[PDB]
Amino acid sequence: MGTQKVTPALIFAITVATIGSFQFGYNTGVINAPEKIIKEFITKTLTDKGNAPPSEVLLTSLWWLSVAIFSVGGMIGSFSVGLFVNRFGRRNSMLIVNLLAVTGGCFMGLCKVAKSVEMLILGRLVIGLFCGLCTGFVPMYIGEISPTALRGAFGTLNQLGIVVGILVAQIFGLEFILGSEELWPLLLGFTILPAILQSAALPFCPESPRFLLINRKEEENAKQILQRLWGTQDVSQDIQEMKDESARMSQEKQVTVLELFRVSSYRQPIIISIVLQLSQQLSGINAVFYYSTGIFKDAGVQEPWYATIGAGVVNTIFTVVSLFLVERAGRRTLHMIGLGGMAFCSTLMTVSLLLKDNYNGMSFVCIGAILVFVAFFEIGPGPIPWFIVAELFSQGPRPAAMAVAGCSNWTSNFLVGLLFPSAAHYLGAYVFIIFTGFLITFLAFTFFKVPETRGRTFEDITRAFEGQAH
Ligand SMILES: CCCCCCCC/C=C/CCCCCCCC(=O)OC[C@H](O)CO
Ligand SMILES: CCCCCCCC/C=C\CCCCCCCC(=O)OC[C@H](O)CO
Ligand SMILES: CCCCCCCC/C=C\CCCCCCCC(=O)OC[C@H](O)CO
Ligand SMILES: OC[C@H]1O[C@H](O)[C@H](O)[C@@H](O)[C@@H]1O
């Protein structure tokens, strides 16, 4: 660490940033529990306005839209971060977009008294736009303000917020809390509250000193912010690394999305970045989490909702585990262990499901395979892809790279949700071998293609990619 310290100022800045991480997880998970309540609302709204009750095809379509419009907004929002972070800075970008969070949350809080299914859909679209921007803003901000030796650990706090957000959404979704016919608008409108908290706290967070020095050429301002955030007057190594990056950025054209696919020096890290996002989403994690309740039920769990909250607890615990390991073990090891362990668990889900009606006891194996699958996911493929893109690029290309990577994350998220019900319909229990195939494929890619970034400066990582490109 040299003289660099973890100050209360640093903890404060990063915690406040990860409120957007909490928003992404909360809004990802909140919609699942009140599904029947919300379909009832859709039917009652369509009839109360005169129309004939929806068929189940129509109800399913409108519910699918209510869920999926979120991912569409996330695809658009994540791809749009480059429009914000260089124009307003990283800190102010997070501040401004909470207008989206409050607006989207109000559309969802008010759709029932407005008797407006459109307002529900618009809300989920707006909150997806917000969350898409967040999933880009937060790791960029944390990656740019963390000490190098702790960039991975601090990067994992983003995923910690996501999984804490999911767990809170599951808990609030319990019917004796907010997941009731009366209170489900509050379950969705809750997202306004973190946003108000974060917006109150963000002015007191520092701008990224890398943004200030490199993008804005304010060396003295950056240096002062670094000295306070890290609790030391000696920041010469880091300042000089930033001046190196500033010199490099000055000598290369402004980076565009398309250019990331033309320049050889950028093509390797952007392929890595995109592939690592796929390895997260094409693990099937959101298919496994969402369908876990029905799988638990078919395995005999008498109260399957508490087993899914158990999965959410496991999801949180092993994010903390990854947090305390990623600087020791490094990115490669944790990510590969997660992919490999998930490969085993998804395969075991297929095997247990195929045998459980014949072999007494395999039901307990289905239950364990789901829970262990989630633990392995959070060892690496959960947290690492969200923060790794920030450390794979230097200052100039990072916003356009994270726009692309994040969009690929949301798009593959969408594609799993789009295609999984059909594949499960044809393949039954074999559907999880599809995720096994991706997991194994991406484990091979990781072992052969993903450099170790732990404890390395951005300049050192970028130089290695340029050396390879030569
Ligand atoms: C000033 C007026 C504000 C209005 C008052 C309403 C505030 C109530 C909000 C409660 C939930 C907030 C949850 C915020 C999310 C916590 C972030 C997190 O989970 O941390 C991630 C990781 O641990 C790295 O810190
Ligand atoms: C739980 C009561 C059962 C009755 C209602 C059945 C639906 C709930 C099923 C799983 C909840 C999982 C919540 C945790 C969040 C999972 C993460 C996720 O990806 O959500 C799925 C996707 O957003 C949208 O399909
Ligand atoms: C007839 C289809 C079922 C009715 C609607 C329920 C499905 C969720 C709706 C859109 C998925 C949006 C894509 C992003 C969602 C995350 C991936 C996911 O959750 O996959 C599981 C999903 O429930 C399915 O496979
Ligand atoms: O905890 C798992 C959640 O976080 C992951 O990093 C993904 O961003 C999200 O799709 C998933 O539902």
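Count residues from 1 along the sequence. Hydrogens, waters and symmetry mates play no part in the numbers below; they use all other heavy atoms, side chains included. Both counts, for ligands and for their atoms, begin at 1 and track the order of listing.
Among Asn51, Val57, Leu58, the one residue that satisfies the side chain to side chain contact (heavy atoms under 4.5 Å, CB included) test with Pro54 is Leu58.
Here atom 6 (O) of ligand 4 lies nearest to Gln159 when heavy atoms of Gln159, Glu378, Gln281, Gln277 are compared. Evaluated by nearest non-hydrogen atom to atom 13 (C) of ligand 3, the leading choice among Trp410, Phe420, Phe414 is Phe414. Looking at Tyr290, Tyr26, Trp63, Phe289, it is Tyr290 that brings a heavy atom closest to atom 9 (C) of ligand 2. The option from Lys297, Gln170, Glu175 that lies nearest to atom 14 (C) of ligand 2, judged by heavy atoms, is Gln170.
At a 4.0 Å cut-off, at least one heavy atom of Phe377 sits close enough to ligand 4 to count as contact.
Considering backbone and side-chain N/O of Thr308, none are found under 3.5 Å from N/O of ligand 2. Between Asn315 and ligand 4, a contact under 3.5 Å exists for at least one N or O pair.
For residues 410-420, the set of pairs meeting the side chain to side chain donor-acceptor pair (under 3.5 Å) definition, not counting sequence neighbours, comprises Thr135-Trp410.
At the top of the distance list for atom 15 (C) of ligand 2, counting protein heavy atoms only, stands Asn32 ND2, 3.2 Å. Among protein heavy atoms, the minimum distance from atom 2 (C) of ligand 2 is reached at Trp305 CB, 4.0 Å. The protein non-hydrogen atom at the shortest distance from atom 10 (O) of ligand 4 is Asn286 OD1, 2.5 Å.
Of all the heavy atoms of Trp64, the ones lying under 4.0 Å from any atom of ligand 3 are found in both the backbone and the side chain.
The distance between the ring centers of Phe344 and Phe376 does not fall below 6.0 angstrom.
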